[PDB]
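Here you get one chain, nothing else, as structure tokens; it is the form deposited in one PDB entry.
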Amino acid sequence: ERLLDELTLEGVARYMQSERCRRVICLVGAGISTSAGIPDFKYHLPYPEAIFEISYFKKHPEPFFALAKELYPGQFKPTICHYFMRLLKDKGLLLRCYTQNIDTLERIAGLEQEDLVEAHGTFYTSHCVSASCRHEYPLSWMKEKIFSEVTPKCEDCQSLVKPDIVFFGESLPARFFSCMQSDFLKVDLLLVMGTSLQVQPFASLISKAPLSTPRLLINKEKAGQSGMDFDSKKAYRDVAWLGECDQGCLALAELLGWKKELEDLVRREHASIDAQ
């Protein structure tokens, strides 16, 4: 049972226009925010990955916050891909968006809390690391402490204050595992955009879907192959479009008949962001 006629972006569009495609799940990564200024991935780091590991951070938080001040974007504008997911929401096709990103650009693009599984948390809020305190601090307080180059400390504990990001070594939120149990029994299409499926347990999500569910990858490189089956003789459902995410979403929107909708959405929302 192959639900796609051709293993191409146009085949995915035609399948999305059929009545079988009612519930679409988006799995997105850093590649969908690179065109917005968010980057992809002296202090003597024992290994460069320790900058995002919770044990080292609790021991030595200065490198992380220095990097945060260095790479903090001056503006937060969602990309064409974010607004493609917004169009999916507006048309009743988006069951869920699982994101590895912490830039909150899905929220700014208009996806509500129920639409989202922020699998790796958010930079928007921060908390005291003491579990008996958990004093919450907003992004303004955190950004002030980051740019004044003062290590964020709790007013009650004097303990370290960490942004609500799932560092390497921390458990994912329970909402991830609650949504996953229900969402993938009913999913009709997987849209994997801007991720090379290198972080677990997020990557495993691509194997939770039913075997007949088509899966489209829009990414600068093929990924998730054993599993993704793009280029074998047994291939029947996995399509790979290689390039920038904005270009792939433009092409898919045009093939679906939504070119002008996506253009208007992007223009108006960017104007509204520049207005405030």
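Numbering starts at 1 and follows the sequence shown. Rigid core (definition): largest C-alpha set, two forms, superposition within 1.5 Å.
Keep in mind that the form deposited in another entry is not shown, yet the notes after this line are about it.
*Asks:* For the list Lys145, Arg96, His120, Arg107, which one shows a CA move of 2 Å or more between the shown form and the other one after the core is fit?
*Replies:* So the only displaced C-alpha belongs to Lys145.
*Asks:* Core-aligned, does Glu221 move its Cα 2 Å or more between the shown form and the other one?
*Replies:* It does not reach a 2 Å shift.
*Asks:* Do you see a C-alpha shift of 2 Å or more at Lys208 between the shown form and the other one, with the core held fixed?
*Replies:* Moves: no, less than 2 Å.
*Asks:* Quick one: once the rigid core is lined up, does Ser196 have its C-alpha move by 2 Å or more between the shown form and the other one?
*Replies:* No, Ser196 moves less than 2 Å.
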